[PDB]
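> start.cif is the file, holding mmCIF, C-alpha atoms and all ligand atoms:
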data_input
loop_
_atom_site.label_atom_id
_atom_site.label_comp_id
_atom_site.auth_asym_id
_atom_site.auth_seq_id
_atom_site.Cartn_x
_atom_site.Cartn_y
_atom_site.Cartn_z
CA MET A 1 -10.40 -33.04 -31.95
CA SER A 2 -11.39 -36.32 -33.67
CA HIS A 3 -8.69 -38.54 -32.08
CA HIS A 4 -10.36 -38.80 -28.66
CA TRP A 5 -9.50 -41.21 -25.85
CA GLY A 6 -11.20 -44.58 -25.71
CA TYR A 7 -10.51 -48.26 -25.15
CA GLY A 8 -9.15 -49.21 -28.58
CA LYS A 9 -5.64 -50.15 -29.66
CA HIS A 10 -4.96 -46.64 -30.93
CA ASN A 11 -6.65 -44.59 -28.18
CA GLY A 12 -6.77 -46.87 -25.14
CA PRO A 13 -5.26 -46.76 -21.65
CA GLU A 14 -1.63 -46.97 -22.84
CA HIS A 15 -2.15 -43.73 -24.80
CA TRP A 16 -4.00 -41.66 -22.20
CA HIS A 17 -0.87 -40.15 -20.62
CA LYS A 18 -0.20 -38.06 -23.75
CA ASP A 19 -3.32 -35.93 -23.20
CA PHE A 20 -3.57 -36.59 -19.44
CA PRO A 21 -0.06 -36.82 -17.94
CA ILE A 22 -1.58 -37.49 -14.48
CA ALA A 23 -2.12 -41.00 -15.92
CA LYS A 24 1.38 -41.72 -14.56
CA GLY A 25 0.66 -40.05 -11.23
CA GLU A 26 1.11 -41.05 -7.63
CA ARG A 27 -2.44 -42.18 -6.81
CA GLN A 28 -3.92 -43.68 -9.95
CA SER A 29 -6.78 -46.19 -10.09
CA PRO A 30 -7.67 -48.98 -10.40
CA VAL A 31 -5.21 -51.16 -8.48
CA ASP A 32 -4.77 -54.80 -7.64
CA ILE A 33 -6.00 -55.54 -4.12
CA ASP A 34 -3.55 -57.92 -2.54
CA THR A 35 -5.72 -59.45 0.14
CA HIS A 36 -3.01 -60.84 2.34
CA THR A 37 -1.26 -57.44 2.45
CA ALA A 38 -4.24 -55.14 2.97
CA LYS A 39 -4.41 -54.35 6.63
CA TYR A 40 -7.40 -54.56 8.83
CA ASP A 41 -8.05 -51.15 10.33
CA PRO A 42 -10.27 -51.54 13.41
CA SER A 43 -10.79 -47.75 13.49
CA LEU A 44 -12.70 -47.87 10.16
CA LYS A 45 -16.43 -47.45 10.59
CA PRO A 46 -19.26 -49.32 8.97
CA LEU A 47 -20.29 -47.78 5.73
CA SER A 48 -23.59 -45.91 5.85
CA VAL A 49 -25.39 -46.30 2.53
CA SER A 50 -28.63 -44.28 2.62
CA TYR A 51 -30.38 -44.75 -0.72
CA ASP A 52 -34.07 -44.92 0.34
CA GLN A 53 -34.82 -41.39 -1.01
CA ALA A 54 -32.83 -41.77 -4.25
CA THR A 55 -34.28 -40.05 -7.32
CA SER A 56 -32.98 -41.58 -10.52
CA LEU A 57 -33.67 -39.45 -13.56
CA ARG A 58 -32.13 -40.70 -16.75
CA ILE A 59 -29.84 -43.25 -18.38
CA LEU A 60 -27.24 -42.09 -20.92
CA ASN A 61 -24.90 -43.87 -23.34
CA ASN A 62 -21.91 -41.50 -23.28
CA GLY A 63 -19.79 -43.48 -25.74
CA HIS A 64 -17.67 -45.16 -23.02
CA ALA A 65 -20.31 -46.68 -20.72
CA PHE A 66 -23.88 -45.97 -19.69
CA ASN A 67 -24.61 -43.71 -16.71
CA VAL A 68 -27.72 -43.93 -14.55
CA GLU A 69 -28.08 -40.37 -13.27
CA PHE A 70 -29.58 -39.09 -10.03
CA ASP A 71 -30.91 -35.83 -8.64
CA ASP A 72 -27.97 -34.61 -6.52
CA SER A 73 -29.41 -31.14 -5.71
CA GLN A 74 -30.31 -32.34 -2.16
CA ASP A 75 -29.09 -35.03 0.29
CA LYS A 76 -31.32 -37.78 -1.08
CA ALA A 77 -28.99 -40.69 -1.75
CA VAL A 78 -25.84 -40.40 0.35
CA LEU A 79 -22.78 -42.32 1.43
CA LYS A 80 -21.26 -41.61 4.85
CA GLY A 81 -19.10 -43.38 7.40
CA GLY A 82 -16.39 -45.90 6.61
CA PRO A 83 -13.24 -43.92 5.79
CA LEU A 84 -15.22 -40.80 4.91
CA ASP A 85 -15.44 -37.48 6.69
CA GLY A 86 -18.77 -35.81 5.88
CA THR A 87 -21.53 -36.51 3.40
CA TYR A 88 -21.18 -37.70 -0.18
CA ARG A 89 -24.10 -37.43 -2.62
CA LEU A 90 -24.79 -40.03 -5.29
CA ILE A 91 -24.57 -38.43 -8.76
CA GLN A 92 -24.49 -41.48 -11.06
CA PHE A 93 -23.60 -45.10 -11.42
CA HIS A 94 -22.11 -47.00 -14.33
CA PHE A 95 -20.30 -50.26 -15.06
CA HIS A 96 -17.12 -51.52 -16.70
CA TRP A 97 -17.25 -54.92 -18.38
CA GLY A 98 -15.49 -57.34 -20.65
CA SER A 99 -15.91 -59.14 -23.94
CA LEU A 100 -15.63 -62.47 -22.04
CA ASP A 101 -16.64 -63.44 -18.50
CA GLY A 102 -12.98 -63.69 -17.36
CA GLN A 103 -12.29 -59.97 -17.72
CA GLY A 104 -14.06 -56.67 -17.26
CA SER A 105 -13.36 -55.42 -13.76
CA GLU A 106 -10.99 -52.52 -13.13
CA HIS A 107 -9.92 -53.47 -9.63
CA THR A 108 -8.56 -56.98 -9.27
CA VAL A 109 -8.35 -59.16 -6.16
CA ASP A 110 -5.12 -61.16 -5.90
CA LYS A 111 -4.89 -60.57 -9.67
CA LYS A 112 -8.33 -62.07 -10.26
CA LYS A 113 -10.52 -60.21 -12.74
CA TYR A 114 -14.29 -60.21 -12.39
CA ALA A 115 -16.73 -60.08 -15.32
CA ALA A 116 -17.66 -56.48 -14.54
CA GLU A 117 -17.49 -53.74 -11.93
CA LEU A 118 -20.20 -51.32 -10.78
CA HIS A 119 -19.17 -47.79 -9.74
CA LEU A 120 -21.56 -45.68 -7.65
CA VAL A 121 -20.06 -42.18 -7.86
CA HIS A 122 -20.58 -39.72 -4.99
CA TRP A 123 -19.28 -36.20 -4.32
CA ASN A 124 -18.43 -34.44 -1.09
CA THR A 125 -21.15 -31.90 -0.34
CA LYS A 126 -18.64 -29.52 1.36
CA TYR A 127 -17.46 -28.57 -2.16
CA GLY A 128 -20.94 -27.58 -3.35
CA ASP A 129 -20.91 -29.12 -6.84
CA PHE A 130 -19.36 -32.08 -8.62
CA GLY A 131 -17.09 -29.93 -10.79
CA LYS A 132 -15.55 -28.33 -7.71
CA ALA A 133 -15.32 -31.69 -5.92
CA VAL A 134 -13.19 -33.34 -8.62
CA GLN A 135 -10.53 -30.67 -8.00
CA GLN A 136 -10.08 -31.83 -4.37
CA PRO A 137 -8.12 -34.79 -2.94
CA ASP A 138 -11.19 -35.84 -0.94
CA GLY A 139 -13.79 -34.71 -3.44
CA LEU A 140 -15.33 -38.03 -4.49
CA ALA A 141 -16.16 -41.40 -3.00
CA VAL A 142 -16.70 -44.24 -5.46
CA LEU A 143 -18.30 -47.41 -4.18
CA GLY A 144 -17.09 -50.30 -6.33
CA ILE A 145 -18.91 -53.61 -6.53
CA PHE A 146 -17.69 -56.63 -8.45
CA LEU A 147 -19.98 -58.66 -10.72
CA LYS A 148 -19.58 -62.39 -11.32
CA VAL A 149 -21.66 -64.46 -13.72
CA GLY A 150 -24.07 -66.93 -12.15
CA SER A 151 -27.62 -66.33 -10.99
CA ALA A 152 -29.47 -63.25 -12.24
CA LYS A 153 -29.54 -60.06 -10.18
CA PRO A 154 -33.23 -59.17 -10.12
CA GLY A 155 -32.54 -55.52 -9.23
CA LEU A 156 -30.42 -55.13 -12.37
CA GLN A 157 -33.08 -56.24 -14.85
CA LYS A 158 -34.74 -52.80 -15.21
CA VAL A 159 -31.34 -51.46 -16.32
CA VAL A 160 -30.79 -54.36 -18.74
CA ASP A 161 -34.19 -53.91 -20.33
CA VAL A 162 -33.70 -50.22 -21.20
CA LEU A 163 -30.34 -50.74 -22.95
CA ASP A 164 -31.98 -51.39 -26.35
CA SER A 165 -33.20 -47.78 -26.25
CA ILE A 166 -29.72 -46.26 -25.67
CA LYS A 167 -27.73 -48.49 -27.98
CA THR A 168 -25.49 -45.78 -29.38
CA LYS A 169 -23.39 -42.90 -28.13
CA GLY A 170 -25.40 -39.83 -27.16
CA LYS A 171 -28.72 -41.62 -26.69
CA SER A 172 -30.55 -41.17 -23.39
CA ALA A 173 -33.84 -42.33 -21.92
CA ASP A 174 -35.99 -41.41 -18.94
CA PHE A 175 -35.07 -43.69 -16.04
CA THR A 176 -37.06 -42.66 -13.02
CA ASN A 177 -37.84 -44.62 -9.86
CA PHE A 178 -34.87 -46.96 -10.08
CA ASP A 179 -33.73 -48.15 -6.66
CA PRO A 180 -29.96 -48.68 -6.48
CA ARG A 181 -30.37 -50.66 -3.22
CA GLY A 182 -31.18 -53.59 -5.50
CA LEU A 183 -27.58 -53.61 -6.81
CA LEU A 184 -25.89 -54.12 -3.42
CA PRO A 185 -24.56 -57.40 -2.01
CA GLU A 186 -25.50 -58.58 1.49
CA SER A 187 -22.25 -57.56 3.17
CA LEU A 188 -20.79 -54.07 3.27
CA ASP A 189 -17.28 -55.31 4.17
CA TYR A 190 -14.81 -53.29 2.11
CA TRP A 191 -11.31 -52.31 1.16
CA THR A 192 -10.39 -48.63 0.86
CA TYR A 193 -7.53 -46.59 -0.56
CA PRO A 194 -6.90 -43.12 -2.06
CA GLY A 195 -7.00 -43.06 -5.85
CA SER A 196 -8.32 -41.47 -8.99
CA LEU A 197 -10.97 -41.44 -11.64
CA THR A 198 -10.34 -44.44 -13.91
CA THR A 199 -11.21 -42.51 -17.08
CA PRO A 200 -9.78 -39.26 -18.39
CA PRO A 201 -9.29 -36.75 -16.90
CA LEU A 202 -7.92 -39.29 -14.33
CA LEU A 203 -8.13 -36.74 -11.51
CA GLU A 204 -6.71 -37.81 -8.16
CA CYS A 205 -9.84 -36.97 -6.19
CA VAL A 206 -11.33 -40.33 -5.18
CA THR A 207 -11.62 -42.25 -1.94
CA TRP A 208 -12.20 -45.76 -3.27
CA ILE A 209 -14.43 -48.11 -1.29
CA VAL A 210 -14.46 -51.57 -2.91
CA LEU A 211 -16.85 -54.14 -1.51
CA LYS A 212 -15.47 -57.60 -0.74
CA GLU A 213 -18.62 -59.48 -1.74
CA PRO A 214 -19.46 -59.58 -5.45
CA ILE A 215 -22.98 -59.56 -6.79
CA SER A 216 -24.06 -62.30 -9.20
CA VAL A 217 -25.59 -61.44 -12.57
CA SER A 218 -26.74 -63.85 -15.24
CA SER A 219 -25.01 -64.58 -18.51
CA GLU A 220 -28.03 -63.08 -20.29
CA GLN A 221 -27.73 -59.85 -18.29
CA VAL A 222 -24.06 -59.29 -19.13
CA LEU A 223 -24.63 -60.31 -22.75
CA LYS A 224 -27.03 -57.37 -22.98
CA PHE A 225 -24.30 -55.00 -21.74
CA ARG A 226 -22.15 -56.33 -24.58
CA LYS A 227 -24.75 -55.39 -27.24
CA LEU A 228 -24.29 -51.68 -26.54
CA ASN A 229 -22.25 -49.61 -29.00
CA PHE A 230 -19.32 -47.22 -28.50
CA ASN A 231 -20.28 -45.60 -31.84
CA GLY A 232 -23.03 -43.11 -32.57
CA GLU A 233 -26.14 -43.94 -34.61
CA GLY A 234 -25.40 -44.34 -38.31
CA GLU A 235 -21.72 -45.17 -37.73
CA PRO A 236 -19.97 -48.54 -38.11
CA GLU A 237 -20.76 -50.83 -35.19
CA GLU A 238 -18.14 -51.07 -32.44
CA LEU A 239 -19.46 -53.20 -29.59
CA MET A 240 -19.13 -51.57 -26.17
CA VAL A 241 -16.93 -54.20 -24.49
CA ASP A 242 -13.64 -54.09 -22.55
CA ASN A 243 -14.24 -50.56 -21.30
CA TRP A 244 -11.92 -51.12 -18.32
CA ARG A 245 -8.57 -49.61 -17.36
CA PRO A 246 -6.06 -52.17 -16.09
CA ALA A 247 -4.49 -52.06 -12.64
CA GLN A 248 -2.01 -49.23 -12.03
CA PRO A 249 1.03 -49.12 -9.74
CA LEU A 250 0.17 -48.90 -6.05
CA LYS A 251 3.17 -46.65 -5.33
CA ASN A 252 3.12 -45.09 -1.86
CA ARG A 253 -0.29 -46.37 -0.77
CA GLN A 254 -1.79 -48.78 1.68
CA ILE A 255 -5.05 -50.57 1.14
CA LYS A 256 -7.08 -50.87 4.36
CA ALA A 257 -9.69 -53.55 5.13
CA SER A 258 -12.81 -52.96 7.20
CA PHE A 259 -12.89 -56.64 8.17
CA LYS A 260 -10.64 -59.32 9.63
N1 LIG A 301 -18.16 -32.84 -14.79
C1 LIG A 301 -16.99 -32.36 -14.42
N2 LIG A 301 -16.87 -31.11 -14.04
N3 LIG A 301 -15.87 -33.14 -14.41
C2 LIG A 301 -15.74 -34.45 -14.72
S1 LIG A 301 -14.19 -35.17 -14.71
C3 LIG A 301 -14.93 -36.66 -15.16
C4 LIG A 301 -16.26 -36.53 -15.26
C5 LIG A 301 -17.24 -37.63 -15.52
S2 LIG A 301 -17.76 -38.48 -14.00
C6 LIG A 301 -16.14 -38.88 -13.32
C7 LIG A 301 -15.52 -40.06 -14.02
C8 LIG A 301 -15.69 -41.31 -13.25
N4 LIG A 301 -16.80 -41.41 -12.52
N5 LIG A 301 -14.75 -42.26 -13.26
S3 LIG A 301 -14.80 -43.69 -12.46
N6 LIG A 301 -14.70 -44.85 -13.58
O1 LIG A 301 -16.03 -43.69 -11.73
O2 LIG A 301 -13.58 -43.71 -11.69
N7 LIG A 301 -16.75 -35.26 -15.02
ZN ZN A 302 -16.03 -46.33 -13.39
#
What is this file in structure tokens?
Ligand SMILES: NC(N)=NC1=[SH]CC(CSCC/C(N)=N/S(N)(=O)=O)=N1
Ligand SMILES: [Zn+2]


Amino acid sequence: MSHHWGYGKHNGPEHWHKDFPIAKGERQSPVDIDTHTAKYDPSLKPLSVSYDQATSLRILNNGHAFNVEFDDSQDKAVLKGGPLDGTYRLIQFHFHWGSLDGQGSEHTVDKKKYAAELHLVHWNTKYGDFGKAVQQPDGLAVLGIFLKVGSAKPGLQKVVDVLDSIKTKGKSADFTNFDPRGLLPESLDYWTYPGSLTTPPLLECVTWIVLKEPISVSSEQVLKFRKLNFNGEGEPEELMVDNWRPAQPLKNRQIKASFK
């Protein structure tokens, strides 16, 4: 029980396959996005991001990241279009980030690593609930957005300022009326490919949609991410940093671009 997966030397990504053999599967994520090789697919549609009726509820430190959770019991905040067939409901978002500004993203672009990566996780409403959706090859759609360090992202600050209250694993806080539209870049140009969850159980249920344009966050904003703890309250401090899985083999997949 006590030797659980994580991001350390003894329980990190190179160990995950022992408990989760799908870690060596045929459609694992993340991947490197080779820009010159990705092919423009003129049949891909614009993404439809409809977040105006989003109902955020709570923010949780789960010991690996923090999740901002949404009410997904109705079609409030939904992702449609692009490569997707049907309607995908937003359930949560979270980030992956580094100990230094030169690492932290899960996807890479021509081997470049960004400081962090935002994942907005959505599930296909034809499967009725999230737990059923993760058992399907087209069950989830994760919208990935890169973060670089530069100017502050004003729409991120409300997240940053609540992190002191969920420092340690298992802590949560009310987090209502947060508008995830404030985390998007200007352009919705994207790459897409079939992949997996990037944490155990690593299920091969995700249509990945990775935006081309990064958002900028300030050094102070990402420094606050790095003050979070992997540990629970009253345990030795382990800073929550480098909670990213490295790029996995592309195998028999093609990455498609929505743009020329
Ligand atoms: N609840 C339920 N029935 N199953 C599962 S499997 C993983 C999980 C937690 S959310 C799925 C993990 C995730 N979003 N990975 S990522 N980094 O976005 O690719 N719940
Ligand atoms: Zn993620």

> Within 10 Å of (-0.9, -61.6, -9.6) (file coordinates; all atoms listed in the file), which protein or nucleic acid residues are there? I'd like them as a PDB file with C-alpha atoms, in the coordinates of the input.


ATOM      1  CA  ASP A  32      -4.770 -54.800  -7.640  1.00  0.00           C
ATOM      2  CA  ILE A  33      -6.000 -55.540  -4.120  1.00  0.00           C
ATOM      3  CA  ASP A  34      -3.550 -57.920  -2.540  1.00  0.00           C
ATOM      4  CA  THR A 108      -8.560 -56.980  -9.270  1.00  0.00           C
ATOM      5  CA  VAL A 109      -8.350 -59.160  -6.160  1.00  0.00           C
ATOM      6  CA  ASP A 110      -5.120 -61.160  -5.900  1.00  0.00           C
ATOM      7  CA  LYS A 111      -4.890 -60.570  -9.670  1.00  0.00           C
ATOM      8  CA  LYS A 112      -8.330 -62.070 -10.260  1.00  0.00           C
TER       9      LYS A 112
END

> Would you mind listing the residues within 9 Å of ligand ZN 302 (chain A), counting only C-alpha atoms and all ligand atoms, as a list in words?

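The distance check yields residues 65, 93, 94, 95, 96, 106, 117, 118, 119, 120, 121, 142, 144, 197, 198, 199 and 244 of chain A.
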
> Take the residues from that selection and put them in a file with C-alpha atoms, as a compact mmCIF listing (two decimals), in the frame of the given file.


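Output file again_12.txt follows:
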# COMPACT_ATOMS: atom_id res chain seq x y z
CA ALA A 65 -20.31 -46.68 -20.72
CA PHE A 93 -23.60 -45.10 -11.42
CA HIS A 94 -22.11 -47.00 -14.33
CA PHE A 95 -20.30 -50.26 -15.06
CA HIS A 96 -17.12 -51.52 -16.70
CA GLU A 106 -10.99 -52.52 -13.13
CA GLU A 117 -17.49 -53.74 -11.93
CA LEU A 118 -20.20 -51.32 -10.78
CA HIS A 119 -19.17 -47.79 -9.74
CA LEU A 120 -21.56 -45.68 -7.65
CA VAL A 121 -20.06 -42.18 -7.86
CA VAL A 142 -16.70 -44.24 -5.46
CA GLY A 144 -17.09 -50.30 -6.33
CA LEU A 197 -10.97 -41.44 -11.64
CA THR A 198 -10.34 -44.44 -13.91
CA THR A 199 -11.21 -42.51 -17.08
CA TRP A 244 -11.92 -51.12 -18.32

> From the list A:255, A:228, A:1, A:134, which residue is nearest ligand LIG 301 (chain A) when using all atoms listed in the file?

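Selected residue with least distance to ligand LIG 301 (chain A): A:134.
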
> Determine, counting all atoms listed in the file, which protein, DNA and RNA residues have an atom within 7 Å of an atom of segment 210-218 of chain A; residues of the same chain fewer than 2 positions away are not included. Present the result as a PyMOL selection string.

chain A and resi 143-153+185+187-192+208+220-222

> Restricting it to C-alpha atoms, dump the selection as a PDB file, in the coordinates of the input.


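Result file is again-v2.pdb:
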ATOM      1  CA  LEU A 143     -18.300 -47.410  -4.180  1.00  0.00           C
ATOM      2  CA  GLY A 144     -17.090 -50.300  -6.330  1.00  0.00           C
ATOM      3  CA  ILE A 145     -18.910 -53.610  -6.530  1.00  0.00           C
ATOM      4  CA  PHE A 146     -17.690 -56.630  -8.450  1.00  0.00           C
ATOM      5  CA  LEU A 147     -19.980 -58.660 -10.720  1.00  0.00           C
ATOM      6  CA  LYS A 148     -19.580 -62.390 -11.320  1.00  0.00           C
ATOM      7  CA  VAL A 149     -21.660 -64.460 -13.720  1.00  0.00           C
ATOM      8  CA  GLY A 150     -24.070 -66.930 -12.150  1.00  0.00           C
ATOM      9  CA  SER A 151     -27.620 -66.330 -10.990  1.00  0.00           C
ATOM     10  CA  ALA A 152     -29.470 -63.250 -12.240  1.00  0.00           C
ATOM     11  CA  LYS A 153     -29.540 -60.060 -10.180  1.00  0.00           C
ATOM     12  CA  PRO A 185     -24.560 -57.400  -2.010  1.00  0.00           C
ATOM     13  CA  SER A 187     -22.250 -57.560   3.170  1.00  0.00           C
ATOM     14  CA  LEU A 188     -20.790 -54.070   3.270  1.00  0.00           C
ATOM     15  CA  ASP A 189     -17.280 -55.310   4.170  1.00  0.00           C
ATOM     16  CA  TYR A 190     -14.810 -53.290   2.110  1.00  0.00           C
ATOM     17  CA  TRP A 191     -11.310 -52.310   1.160  1.00  0.00           C
ATOM     18  CA  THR A 192     -10.390 -48.630   0.860  1.00  0.00           C
ATOM     19  CA  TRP A 208     -12.200 -45.760  -3.270  1.00  0.00           C
ATOM     20  CA  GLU A 220     -28.030 -63.080 -20.290  1.00  0.00           C
ATOM     21  CA  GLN A 221     -27.730 -59.850 -18.290  1.00  0.00           C
ATOM     22  CA  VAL A 222     -24.060 -59.290 -19.130  1.00  0.00           C
TER      23      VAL A 222
END

> Which residue, A:56, A:168, A:219, A:135, has the smallest gap to ligand LIG 301 (chain A) when you use only C-alpha atoms and all ligand atoms?

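Of A:56, A:168, A:219, A:135, the one nearest ligand LIG 301 (chain A) is A:135, counting only C-alpha atoms and all ligand atoms.
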
> Using 12 Å as the limit and counting all atoms listed in the file, can you tabulate each residue of segment 52-93 of chain A that touches segment 3-10 of chain A, with its shortest atom-to-atom distance in Å and the two atoms involved, as CSV?


residue,atom,partner,partner_atom,distance
A:62,CA,A:6,CA,11.4
A:63,CA,A:6,CA,8.7
A:64,CA,A:6,CA,7.0
A:65,CA,A:6,CA,10.6

> Keeping only C-alpha atoms, take the residues you just selected and write them out as a tab-separated table (two decimals), in the coordinates of the input.


chain	number	residue	atom	x	y	z
A	62	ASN	CA	-21.91	-41.50	-23.28
A	63	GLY	CA	-19.79	-43.48	-25.74
A	64	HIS	CA	-17.67	-45.16	-23.02
A	65	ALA	CA	-20.31	-46.68	-20.72

> Nearest residue to ligand LIG 301 (chain A) out of A:194, A:30, A:180, A:246, using all atoms listed in the file?

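For ligand LIG 301 (chain A), the nearest of the given residues is A:30.
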
> Would you mind listing what lies within 8 Å of residue 104 of chain A as a ChimeraX atom specification, with all atoms listed in the file counted and same-chain residues fewer than 6 positions away left out?

/A:96-98,113-117,242-244

> Find the residues around segment 158-163 of chain A up to 8 Å (all atoms listed in the file counted), leave out those fewer than 3 positions away in its own chain, and share them as a list in words.

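Once the nearby chain positions are removed, what remains is residues 155, 166, 167, 173, 178, 221, 224, 225 and 228 of chain A.
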
> Write to file, as a PDB file, in the frame of the given file, the residues of the selection just made, with C-alpha atoms.


ATOM      1  CA  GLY A 155     -32.540 -55.520  -9.230  1.00  0.00           C
ATOM      2  CA  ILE A 166     -29.720 -46.260 -25.670  1.00  0.00           C
ATOM      3  CA  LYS A 167     -27.730 -48.490 -27.980  1.00  0.00           C
ATOM      4  CA  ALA A 173     -33.840 -42.330 -21.920  1.00  0.00           C
ATOM      5  CA  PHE A 178     -34.870 -46.960 -10.080  1.00  0.00           C
ATOM      6  CA  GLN A 221     -27.730 -59.850 -18.290  1.00  0.00           C
ATOM      7  CA  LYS A 224     -27.030 -57.370 -22.980  1.00  0.00           C
ATOM      8  CA  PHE A 225     -24.300 -55.000 -21.740  1.00  0.00           C
ATOM      9  CA  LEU A 228     -24.290 -51.680 -26.540  1.00  0.00           C
TER      10      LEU A 228
END

> Quick one, how far is atom CA of residue 256 of chain A from atom CA of residue 141 of chain A?

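That distance, rounded to one decimal, is 15.0 Å.
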
> Between A:19, A:179, A:137, A:193, which is the closest to residue 44 of chain A once you count only C-alpha atoms?

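Answer, going by the shortest atom-to-atom distance: A:193.
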
> Which residue out of A:38, A:100, A:31, A:223 has the minimum interatomic distance to ligand LIG 301 (chain A) when all atoms listed in the file are used?

A:31

> Determine the nearest neighbour of ligand LIG 301 (chain A) from the options A:249, A:182, A:154, A:195, counting all atoms listed in the file.

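That would be A:195, the residue with the smallest distance to ligand LIG 301 (chain A).
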